[PDB]
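Input: a single structure, listed below in structure tokens.
Protein chains: 2
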Amino acid sequence: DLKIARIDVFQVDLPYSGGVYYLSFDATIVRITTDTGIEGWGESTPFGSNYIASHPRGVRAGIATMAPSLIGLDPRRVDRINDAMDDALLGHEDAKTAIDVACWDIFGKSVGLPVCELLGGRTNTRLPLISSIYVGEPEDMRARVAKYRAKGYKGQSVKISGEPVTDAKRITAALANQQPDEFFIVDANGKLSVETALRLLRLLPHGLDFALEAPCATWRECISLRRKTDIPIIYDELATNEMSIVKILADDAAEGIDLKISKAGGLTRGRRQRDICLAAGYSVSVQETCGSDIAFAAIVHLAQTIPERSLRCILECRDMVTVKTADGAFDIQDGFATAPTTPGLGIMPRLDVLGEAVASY
Amino acid sequence: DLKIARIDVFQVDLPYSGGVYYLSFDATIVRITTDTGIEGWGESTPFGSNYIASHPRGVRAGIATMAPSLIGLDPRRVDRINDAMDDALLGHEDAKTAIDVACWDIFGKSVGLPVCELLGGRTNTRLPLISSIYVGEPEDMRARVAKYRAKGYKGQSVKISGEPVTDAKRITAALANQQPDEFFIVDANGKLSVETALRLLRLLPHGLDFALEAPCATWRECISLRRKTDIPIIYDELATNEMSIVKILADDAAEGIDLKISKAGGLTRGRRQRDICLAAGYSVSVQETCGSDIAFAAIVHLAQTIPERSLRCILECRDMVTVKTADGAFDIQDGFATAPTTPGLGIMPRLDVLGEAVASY
Ligand SMILES: [Mg+2]
Ligand SMILES: [Mg+2]
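Chains as they are written, first to last, in full-length UniProt numbering: chain Y, 3 to 25, 33 to 370; chain F, 3 to 25, 33 to 370.
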């Protein structure tokens with residue numbers, strides 16, 4: 003009754019809004042067209058190739074291997090589509106993401122409903138945006154946190170380098186005037202060894218309220234650290250597909266996850282993981298490795314289905330870039346947003362920015 | 003004093019010697042040339058894209074992302090080369106493999122020594138080849154096991170489907186006349202759920218001597234099963250880089266591993282893992298996902314450095330294909346082989362078979 007007739011891949015250079023990130034992004038955007046003419050869009054944009062086992066060339070290569078096997082399938086059967094992608098290629102959540110998201114776009118358009126409504130129904134609360142406080146001198150970090158607070162942000166992500174003594178001063182300053190209505194995350198991006206994590210935690214003065222995200226690079230190290238601290242731990246890099254989330258629960262390894270759409274594998278896997286976390290009482294932040302307006306659409310729709318008490322902000326990933334790839338109303342107002350109310354993802358890509366497809370199936 | 007001047011990538015179709023595998034291979038071969046003219050070779054050939062998170066297009070895409078960063082580095086500093094590959098791209102052991110192996114080839118040629126001698130020194134014992142018994146009717150499997158026994162093979166790998174009742178009959182028949190000098194492996198290739206693994210193990214009659222390889226798809230399932238059985242367990246698909254091997258030890262999860270060169274990340278990582286296993290008392294089989302004569306060279310040199318008591322056969326991966334990519338003397342004789350004694354890997358590629366490079370850096 004409805005079949006995938008074509009899968010087109012586009013490539014877009016997305017300049018970094020921060021100029022240069024020390025220690033532009035190559036975005037992969039996919040358009041799926043059904044036999045009836047409905048078009049759906051999805052995106053997968055890795056944060057370089059050093060964040061997790063993912064890179065731009067890898068995303069497109071993965072799509073090339075899977076795409077042929079998807080032609081003729083019903084895009085509305087999102088779980089079956091994912092089963093099919095899994096049968097064609099193991100892992101590669103980053104390559105599967107854009108395809109899955111596009112199917113959801115088509116799905117919503119086919120029944121005339123916003124994606125969040127097909128994901129269980131939209132909540133009646135707004136979505137808090139989270140700030141990104143890059144590593145710098147303690148006072149600089151504190152000032153930037155203040156700038157965001159003055160813009161209405163209620164969530165802040167403080168990055169650290171991995172050098173415990175200075176990091177301690179950075180966290181102390183960054184949280185200097187934290188308020189009762191703010192949620193703070195200290196993100197180590199897997200840069201701490203257990204030794205360094207313990208040294209950092211022991212150096213911190215009392216009174217600092219935050220959750221520690223991605224403390225160490227490997228599962229073993231994070232578990233080892235978990236046994237020696239009472240600080241809330243959030244998995245990000247190590248939280249990949251739904252099988253990894255179940256492992257977190259089996260190991261009582263953390264208190265929540267940073268659910269990045271393209272690391273999870275799309276909205277379908279995002280839903281699977283959402284339900285695992287909500288069933289367990291884990292907190293969930295919805296973000297992305299990186300991405301334009303299209304990737305942001307997926308973030309907002311998934312987040313709009315997570316009860317406020319369980320949500321830990323969302324990342325307006327498009328803030329990381331300077332090129333607009335699509336139009337959409339996300340109702341942004343002083344640090345908060347809400348999912349659109351039109352069919353599908355609620356976005357309309359700018360074909361001129363996408364250029365001609367780099368691949369077609 | 004010695005630097006990488008060029009990295010060329012070749013692609014070779016390798017027809018399956020078994021005709022068609024149910025439920033040809035695309036081989037990636039790399040040639041590294043130093044500024045002084047020394048050439049080294051390496052290979053990475055995935056067993057399709059369903060075995061592990063690896064595919065042909067992915068191997069080459071990974072090389073494209075890493076290669077530029079390697080130009081100018083000393084190929085002899087194998088561990089530093091691997092550190093550099095890690096700095097350019099996380100994971101992707103499959104893409105790193107061919108480059109690492111080629112550096113070892115260069116390394117051995119530069120000092121006029123076989124790779125196994127630079128890996129710690131060759132043992133004085135022969136390397137037993139292992140058979141591959143594809144799934145079939147019980148009697149057919151038993152007959153094929155007999156065929157290999159009659160050829161002098163002392164190692165046998167019996168594959169199963171994942172259907173416990175029939176699998177039990179298959180294992181019973183396949184091992185019907187196993188001898189005192191033979192080592193048997195039953196490989197589930199991660200196809201058993203804990204439920205199915207338990208049902209299979211409970212159905213088997215007493216007296217069957219074998220080690221169970223890759224029983225379940227995920228780490229959690231394998232640990233769960235480990236707690237409910239006393240059968241030796243060997244990790245294959247889940248044994249990836251050295252960090253995973255340390256995790257096996259931390260979890261007391263298995264008795265040994267199936268070390269596949271391209272899954273491990275090359276000879277350097279192979280050495281790292283070898284030492285972890287030998288230090289622990291874990292058994293080690295040296296194989297490959299798939300591969301021609303070049304990939305086979307890496308297998309033999311690593312295996313020739315593992316004490317006989319700890320080795321669990323090697324896979325003559327080239328037996329899986331019908332196209333010869335290089336000449337080399339592996340001293341094959343009735344189910345046994347030994348590493349060559351000439352410099353480097355001891356192989357000379359057939360340039361005519363490789364065709365023109367598909368990529369150059
Ligand atoms: Mg993070
Ligand atoms: Mg195996």
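Built from N, CA and C at the ideal position, the CB exists for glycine as well.
Item	Value
Between F:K178, F:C112, F:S319, F:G46, which has its C-alpha nearest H215 (chain F)'s C-alpha?	F:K178
How far does the beta strand (DSSP E) with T42 (chain Y) in it reach, from first residue to last?	34-43
Where DSSP assigns a beta bridge to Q13 (chain F), which residues make up the other side?	F:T37
Taking 7 Å as the cut-off, is the C-beta of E230 (chain F) nearer than that to any heavy atom in ligand 2?	no
Is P147 (chain Y) helix, strand or coil when you go by DSSP?	helix
State the Cα-Cα distance for the pair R283 (chain Y) and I139 (chain Y), rounded to the nearest angstrom.	19 Å
Under 7 Å Cβ to Cβ from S233 (chain Y), same chain only, skipping five residues before and after it: list those, please.	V203
Does the beta carbon of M94 (chain Y) sit closer than 8 Å to a beta carbon anywhere in chain F?	no
Report yes or no: do three or more beta-carbon pairs, one from the stretch 335-347 of chain F and one from the stretch 165-180 of chain F, lie closer than 8 Å?	no
Which whole-angstrom value is the C-beta distance of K5 (chain F) and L82 (chain F), which I expect to be below 8 Å?	7 Å
Hey, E52 (chain Y) and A107 (chain Y): beta-carbon distance below 8 Å or not?	yes
Is it true that the CB of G337 (chain Y) sits closer than 8 Å to the CB of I356 (chain Y)?	yes
Note down the Cα distance separating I308 (chain Y) from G300 (chain Y), rounded to an integer number of angstroms.	10 Å
What first and last residue would you give for the alpha helix (DSSP H) that runs through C112 (chain Y)?	102-120
For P77 (chain F), which residues in the same chain have their Cβ closer than 7 Å to its Cβ, ignoring the five residues on either side in sequence?	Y370
Would you list, in sequence order, the uninterrupted alpha helix (DSSP H) runs of no fewer than 4 residues that lie entirely inside the stretch 258-316 of chain Y?	270-273, 276-289, 302-312
Using a threshold of 7 Å, is the CB atom of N59 (chain F) nearer than that to any non-hydrogen atom of ligand 2?	no
Of all Cβ atoms in chain Y, is any one closer than 8 Å to the Cβ of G71 (chain F)?	yes
Any beta-carbon of chain F closer than 8 Å to the one on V255 (chain Y)?	yes
For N198 (chain Y), is the beta carbon positioned less than 7 Å from some heavy atom of ligand 1?	yes
Thinking C-alpha only, which one of Y:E264, Y:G275, Y:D302, Y:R281 is nearest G290 (chain Y)?	Y:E264
Using a Cβ-based criterion (distance less than 7 Å to any ligand heavy atom), does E297 (chain Y) qualify as near ligand 1?	no
For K200 (chain F), which of helix, strand or coil comes out of DSSP?	strand
Would the stretch 40-49 of chain F count as touching the stretch 49-69 of chain Y if we require 3 or more Cβ pairs under 8 Å?	no
Considering only DSSP beta bridges, list what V330 (chain F) is partnered with.	F:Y18
Give me the Cβ distance between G353 (chain F) and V124 (chain F), rounded to the nearest whole Å; I'm assuming they're in contact under 8 Å.	6 Å
Enumerate in chain order the residues of its own chain whose CB-to-CB distance from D190 (chain Y) is below 7 Å, with the five nearest sequence positions on each side excluded.	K163
Could you check if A223 (chain F) belongs to the surroundings of ligand 2, using beta carbon to heavy atom distance under 7 Å?	yes
Can you say whether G21 (chain Y) is buried or exposed, counting buried as having 16 or more other CB atoms within 10 angstroms of its CB?	exposed
Starting from the beta carbon of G100 (chain Y), find every residue of chain F whose beta carbon is closer than 7 Å, and list them in chain order.	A62
Which residues in the same chain have their Cβ closer than 7 Å to the Cβ of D340 (chain F), if we skip the five residues on either side of it in sequence?	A346, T347
Specify, as a first and last residue, the run of the beta strand (DSSP E) that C231 (chain F) falls within.	Careful: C231 (chain F) lies outside any beta strand (DSSP E), inside the alpha helix (DSSP H) at 228-235.
Give the single residue among Y:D196, Y:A220, Y:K333, Y:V295 whose Cα lies nearest to the Cα of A226 (chain Y).	Y:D196
What number of angstroms, rounded off, separates the C-alpha of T45 (chain F) from the C-alpha of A306 (chain F)?	24 Å
Return the residue from the list F:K269, F:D245, F:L276, F:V14 that minimises the CA-CA distance to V87 (chain F).	F:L276
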